[PDB]
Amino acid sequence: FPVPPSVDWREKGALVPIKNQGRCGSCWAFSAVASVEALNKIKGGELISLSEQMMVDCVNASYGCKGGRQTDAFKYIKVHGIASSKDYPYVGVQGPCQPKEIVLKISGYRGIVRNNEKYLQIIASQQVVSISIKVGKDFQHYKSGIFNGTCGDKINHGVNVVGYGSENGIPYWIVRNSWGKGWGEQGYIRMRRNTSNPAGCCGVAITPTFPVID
């Protein structure tokens, strides 16, 4: 597959503004939802912000603000769909599953073979990817540049790959986070790409998944 040297889905209008999950352990929902939002736009839909709150409240295979799985949200969006953020706003606490108009359903999801950054690049050239990484102190304190700091000890935070590029010959991934616009580079982090460890920088390549429509 012919792969461009750089991709930034924000320049294609496929990312809503950065969100802030707050103190709630809902990264699984933010990571799933951003990938669905972007794919809806990429396939020809209108860019719409979709409700992580509905995932926190309704995806009983996951644990609300106590953690969860991107794949549980994809399965739920396949069967039952997802409402807009406008109709089902994020409050950062679990409540009852509230009935709201559904914006869309998806058809399923796929994984990428683990520990293969060039395979992650092939999918990232086509859509936003959900990934899970090992966050520790150095990642928490990231402000700008290409991150190459130390990592946490466990896979503990779901984020999204929204593109990739290089600066002065150093390749990176563009990673969307859910810690508000005041963290990092307007809410994003560039993480070193094509590392010696095939799991990627703090594990970016360990468990990539992405939704599919049709």
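A residue's number is simply how far along the shown sequence it sits, counting from 1.
- The mean Cα B-factor in the deposited entry runs higher for 135 to 143 than for the other of 72 to 80 and 135 to 143.
- Look at the C-alpha B-factors of 35 to 43 and of 147 to 155. On average they run higher in 147 to 155.
- Per the PDB entry, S62 shows the highest C-alpha temperature factor of the residues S26, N160, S62, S51.
- When all modelled residues of the chain are sorted by CA temperature factor, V128 is found within the lowest third.
- Compared with the other modelled residues of the chain, the Cα B-factor recorded for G184 ranks in the middle third.
- Ranked by Cα temperature factor within the chain, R192 sits in the middle third according to the deposited record.
- For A205, the recorded CA temperature factor ranks within the middle third of the chain's modelled residues.
- The PDB entry assigns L15 a C-alpha temperature factor belonging to the lowest third of its chain's modelled residues.
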